[PDB]
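Just so you know, all these numbers are worked out from the coordinates, no wet-lab data involved. Cβ: placed from backbone, ideal geometry, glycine included. Neighbour counts: every protein chain shown.
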Amino acid sequence: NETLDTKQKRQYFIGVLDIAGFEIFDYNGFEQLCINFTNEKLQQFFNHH
Amino acid sequence: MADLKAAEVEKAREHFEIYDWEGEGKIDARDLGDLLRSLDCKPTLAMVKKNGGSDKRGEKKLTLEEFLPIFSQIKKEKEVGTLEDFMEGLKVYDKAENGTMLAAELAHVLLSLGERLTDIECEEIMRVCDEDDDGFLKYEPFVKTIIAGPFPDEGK
Amino acid sequence: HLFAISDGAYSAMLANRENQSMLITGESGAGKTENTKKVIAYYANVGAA
Amino acid sequence: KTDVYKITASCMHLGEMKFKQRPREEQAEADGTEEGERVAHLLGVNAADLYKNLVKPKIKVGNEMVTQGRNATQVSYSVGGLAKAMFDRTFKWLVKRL
Amino acid sequence: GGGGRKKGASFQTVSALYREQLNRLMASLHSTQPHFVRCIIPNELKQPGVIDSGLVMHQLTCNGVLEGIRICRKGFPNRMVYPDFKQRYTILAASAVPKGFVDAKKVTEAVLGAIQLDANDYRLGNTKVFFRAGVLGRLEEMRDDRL
Amino acid sequence: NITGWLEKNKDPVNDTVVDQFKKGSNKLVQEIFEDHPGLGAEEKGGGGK
């Protein structure tokens, strides 16, 4: 980012979201709860928009 | 009706004689275009091909007796190109309507769209007209000079 | 088509000032990111100077 | 000739822009176009910008950017602001160009 | 000073650090004009060529895809602006409106009536015009035919 | 009378529109907007003076 940003401080900017899908497993810890939670919220980002 | 005054007949001739180099009493389906041009008409190539002239030299020759009907025909026509029809288009070329459009931007599009121009027809018209040291060619006086013609008050 | 998603967004942004975020949805099995490598490559083809 | 009057008369126009209370939020937008267009043409600014972006501008947050709709009175006031912006700048342009 | 923690982090654990991030991101996703692509799994056997329709049926209902198609038809997607007609389109249809500006709603019906669009593809309200799909970018195209 | 002066010594408008007015037409209408001599260019951040 150090080498490939050549123009700090300017707009405009655009985005492409990229994350997994519906994944589940046994040992919940700090990790897997993030994935399904964001898939849900991203459906909700659809609904509200 | 439409018809040609005697003065019109002599002008058509006066140029024709100079155009027919060979002396066949005849011009060519190309020459037809640049004749109407020098004679102070302005048809398109599409108009020439609407009425039987051409690109290439060496197919069909025409007489003045074929030319004067064609000359009488163009005399009926409305769709030549007005100031308005031009002022229409210039106003996408101003990135914010000043009059001062850009020389090289004009160049790219003249090569791209309409009938299509050459490298030569682009550079010649830019070099002929008002280049300021930024390059902001004024679309409207430019058009108005096209409407005026080849030689202004400086006979040059 | 993909390319036909991109151009629509772009000139809209250039007219109306609205920056944007494109978001791919799906579950785990379909094909999300797969597109994005081709989105980036295309965006460099238009984004080129 | 027409150009100095073009930039002068819009300032007579502008305050025609009638903002009105639509209480679901209070983000008013103004009831017309004529009032805005007789300004817009005389500047020859992008109409699609004016009547959107006056109520919804690209809010610079520090240095990044978040869109906002503005509330009724801020907009009325900013429009009255647009008139006082045009006249101040022009007479100062004019005295030097004189 | 500030009666709190200061050097190192605050007492901000991994969770708090990541939660700050987790707010900014979501907000900045709200700050933009979102565009969406929904993608469909064809089977779970990892099989190319094959597709199961029970899986597409169950997909369409849950992710609410049917509902999406249902809203695009009923809505009026683009709440944009009236003056955008007369300013730009003088070039297209010069004698659309004469000397006689009055109800701007009525002036605009006349200009858009000359270019033959009924007032239901572009919907009117009070301030703004709503554009259904194509309509604004058909107007753009109409100018940009001669252009 | 003093109540008000502050706003007459700060002058608050809308940025995005007068910046888009900078991108205006009609020559004279345009000139009225920028730095180079020094008139508008009127927001963003000249450093804090």
- [ ] Could you tell me which of the residues E:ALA119, E:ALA114, E:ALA96 is within 14 Å of chain D (Cβ to nearest Cβ) and more than 30 Å from A:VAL16 (Cβ to Cβ)?
- [x] E:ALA96
Task: Among (1) in a loop (DSSP other than H, G, I, E, B); (2) closer than 26 Å to B:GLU115 by Cβ - the single one B:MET1 does not satisfy - done: (2)
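Do the conditions hold for C:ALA4, that is, is it loosely packed, with under 14 Cβ neighbours inside 10 Å, more than 30 Å from E:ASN43 (Cβ to Cβ) and more than 8 Å from every other protein chain (Cβ to nearest Cβ)? Step through it out loud before you land on a result.
Details: loosely packed, with under 14 Cβ neighbours inside 10 Å: yes; more than 30 Å from E:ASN43 (Cβ to Cβ): no; more than 8 Å from every other protein chain (Cβ to nearest Cβ): yes.
No.
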- [ ] Can you confirm whether the range E:110-118 contains a residue that is of a type in the set (S, T, N, Q), more than 20 Å from D:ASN53 (Cβ to Cβ) and exposed (fewer than 13 other Cβ atoms within 10 Å of the Cβ)?
- [x] yes
Open item on the list: I need the full set of residues from the range B:86-119 which are within 14 Å of another protein chain (Cβ to nearest Cβ) and surrounded by fewer than 12 Cβ atoms within 10 Å (Cβ to Cβ), in order please.
Closed with: B:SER112, B:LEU113, B:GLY114
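Take B:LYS144 and decide whether it is charged (D, E, K, R), under 30 Å from F:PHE21 (Cβ atoms) and in contact with a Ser or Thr (Cβ under 8 Å, 6 or more places away or on another chain). Spell out the reasoning first.
Working: charged (D, E, K, R): yes; under 30 Å from F:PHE21 (Cβ atoms): yes; in contact with a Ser or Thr (Cβ under 8 Å, 6 or more places away or on another chain): no.
In short, no.
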- [ ] Name every residue in the range F:9-30 that is within 7 Å of chain D (Cβ to nearest Cβ) and in a helix (DSSP H, G or I), in order of residue number.
- [x] F:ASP15, F:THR16, F:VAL17, F:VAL18, F:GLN20, F:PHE21, F:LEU28, F:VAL29
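Yes/no matrix, rows are residues, columns are (1) within 12 Å of chain C (Cβ to nearest Cβ); (2) surrounded by fewer than 12 Cβ atoms within 10 Å (Cβ to Cβ); (3) more than 17 Å from the chain's Cα centre (by Cα):
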| residue | (1), (2), (3) |
| --- | --- |
| A:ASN1 | no, yes, yes |
| A:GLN8 | no, yes, yes |
| A:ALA20 | yes, no, no |
| A:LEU33 | no, yes, no |
| A:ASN36 | yes, no, no |
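Tell me which residues, restricted to the range D:79-98, are touching a helix residue (DSSP H, G or I) at 6+ places or on another chain (Cβ under 8 Å) and either within 8 Å of chain F (Cβ to nearest Cβ) or buried (at least 19 other Cβ atoms within 10 Å of the Cβ) (or both). Quick ask: steps written out before the conclusion?
Step one: of the range D:79-98, the residues touching a helix residue (DSSP H, G or I) at 6+ places or on another chain (Cβ under 8 Å) are D:79-80, D:82-83, D:85-87, D:90, D:93-94.
Residues satisfying the conditions are D:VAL79, D:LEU82, D:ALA85, D:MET86, D:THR90, D:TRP93.
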TODO: Taking B:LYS60 as the residue in question, decide whether it is touching a residue at least 24 places away in the same chain (Cβ under 8 Å), more than 16 Å from the chain's Cα centre (by Cα) and exposed (fewer than 11 other Cβ atoms within 10 Å of the Cβ).
DONE: no
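Going by the conditions given, is F:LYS44 part of a loop (DSSP other than H, G, I, E, B), at the interface with chain D (Cβ under 9 Å from one of its Cβ atoms) and over 10 Å from the mean Cα position of the chain (by Cα)?
yes
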Open item on the list: Looking at the range D:27-46, can you tell me whether even one residue there is within 26 Å of A:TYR12 (Cα to Cα), buried (at least 19 other Cβ atoms within 10 Å of the Cβ), under 13 Å from the mean Cα position of the chain (by Cα) and of a type in the set (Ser, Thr, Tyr)?
Closed with: no
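With respect to B:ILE70, is the statement that it is surrounded by 16 or more Cβ atoms within 10 Å (Cβ to Cβ), under 18 Å from B:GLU17 (Cβ atoms) and hydrophobic (A, V, I, L, M, F, W, C) true? So that I can check it myself, show each step before the final result.
On the way: surrounded by 16 or more Cβ atoms within 10 Å (Cβ to Cβ): yes; under 18 Å from B:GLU17 (Cβ atoms): yes; hydrophobic (A, V, I, L, M, F, W, C): yes.
So B:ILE70 fits the description; yes.
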TODO: Could you grab me the full set of residues in the range C:31-49 that are more than 8 Å from chain A (Cβ to nearest Cβ) and in a loop (DSSP other than H, G, I, E, B)?
DONE: C:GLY31, C:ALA48, C:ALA49
Task: Residue ranges of strands (runs of 3 or more DSSP E) in the range E:31-142 with at least 3 members closer than 20 Å to C:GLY29 by Cβ - done: E:35-38
- [ ] State whether one or more residues within the range C:16-30 are assigned to a helix (DSSP H, G or I) and either within 9 Å of another protein chain (Cβ to nearest Cβ) or acidic (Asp, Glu) (or both).
- [x] yes
Task: Single condition E:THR90 does not satisfy, out of (1) among the β-branched types (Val, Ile, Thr); (2) free of Cβ contacts under 8 Å to residues at least 12 places away in the same chain; (3) more than 30 Å from B:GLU84 (Cβ to Cβ); (4) surrounded by 16 or more Cβ atoms within 10 Å (Cβ to Cβ) - done: (3)
Open item on the list: Need pairs with beta-carbon distance below 8 Å; first residue more than 7 Å from chain C (Cβ to nearest Cβ) and within the range E:31-42, second in a strand (DSSP E or B); sequence gap 6+ or separate chains.
Closed with: E:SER31/D:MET65; E:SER31/D:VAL66; E:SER31/D:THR67
- [ ] Kindly check whether there is at least one residue in the range D:56-71 that is facing another protein chain (nearest Cβ under 9 Å), buried (at least 19 other Cβ atoms within 10 Å of the Cβ) and among the β-branched types (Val, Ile, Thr).
- [x] no
- [ ] Answer yes or no as to whether B:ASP130 is at negative phi, touching a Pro at 6+ places or on another chain (Cβ under 8 Å) and of a type in the set (D, E, K, R).
- [x] yes
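I need the full set of residues from the range B:73-85 which are surrounded by fewer than 16 Cβ atoms within 10 Å (Cβ to Cβ) and touching a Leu at 6+ places or on another chain (Cβ under 9 Å), in order please.
To start, the set of residues in the range B:73-85 that are surrounded by fewer than 16 Cβ atoms within 10 Å (Cβ to Cβ) comprises B:73, B:75-85.
Result: B:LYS75, single match.
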- [ ] Give the residue that is nearest to B:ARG13 (Cα to Cα), with candidates limited to residues of the range B:41-80 that are assigned to a helix (DSSP H, G or I) and touching a strand residue (DSSP E or B) at 6+ places or on another chain (Cβ under 9 Å).
- [x] B:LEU64
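Does the range B:22-40 contain at least one residue that is polar (S, T, N, Q), farther than 30 Å from E:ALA93 by Cα and part of a loop (DSSP other than H, G, I, E, B)? Before the answer, list the steps.
Going residue by residue through the range B:22-40, those that are polar (S, T, N, Q) are B:38.
Those left that are additionally farther than 30 Å from E:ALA93 by Cα: B:38.
Retained after the next criterion (residues that are part of a loop (DSSP other than H, G, I, E, B)): none.
No; the residues of the range B:22-40 include none that is polar (S, T, N, Q), farther than 30 Å from E:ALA93 by Cα and part of a loop (DSSP other than H, G, I, E, B).
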TODO: Kindly list, by first and then second residue, each pair from a residue in the range C:32-45 that is farther than 13 Å from C:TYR10 by Cβ to a residue that is among the hydrophobic types (A, V, I, L, M, F, W, C) and surrounded by 10 or more Cβ atoms within 10 Å (Cβ to Cβ), limited to pairs with Cβ atoms under 7 Å and residues at least 6 apart or on different chains.
DONE: C:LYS32/C:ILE24; C:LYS32/E:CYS39; C:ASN35/C:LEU2; C:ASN35/C:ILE24; C:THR36/A:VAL16; C:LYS38/C:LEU2
